[PDB]
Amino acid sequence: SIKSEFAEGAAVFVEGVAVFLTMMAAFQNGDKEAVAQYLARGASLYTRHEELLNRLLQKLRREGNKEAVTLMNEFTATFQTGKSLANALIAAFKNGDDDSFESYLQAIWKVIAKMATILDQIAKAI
């Protein structure tokens, strides 16, 4: 259902946010071993969420819920376009460029916050 897909996606979102926050703290402490592990998990969570978003979008399209569909378009567009920042974050890790890594972390947090606002709006429109 729309509601089961939404809640499952929201739980994956919450897990990714929590991993991202944990990663930020590890990076502040310079713990590159831990940052590597969290980056790997964050990538897997990205994939799971992508699947759940598409499943949700298909259900919303079929039900005909216009407000929710428009919001989901914005969420998915932000999610897809946001991958360019995530790829830059990974590259900065692989190159040892801590200054770039920090910068993308703080920029990505702004995207996460916008995504969370969209998800709250979707939850109220379904």
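Each residue number is its position in the shown sequence, starting from 1.
**Q** Give the stretch, out of 93-101 and 62-70, with the larger mean C-alpha temperature factor in the deposited entry.
**A** So the stretch with the higher mean C-alpha B-factor is 62-70.
**Q** Tell me, lowest, middle or highest third: where does the Cα B factor of residue 7 rank within its chain?
**A** CA B-factor rank for residue 7: lowest third.
**Q** Split the chain's modelled residues into thirds by Cα B-factor; is residue 45 in the lowest, middle or highest one?
**A** Lowest third.
**Q** Residue 52: which third of its chain by C-alpha temperature factor?
**A** Within its chain, residue 52 is a middle-third residue by C-alpha B-factor, going by the deposited values.
**Q** Going by the entry, which third of its chain does the Cα temperature factor of residue 86 land in?
**A** Middle third.
**Q** Using the B-factors in the PDB entry, rank residue 26's C-alpha atom against the chain and give the third, lowest, middle or highest.
**A** For residue 26, the deposited C-alpha B-factor lands in the middle third.
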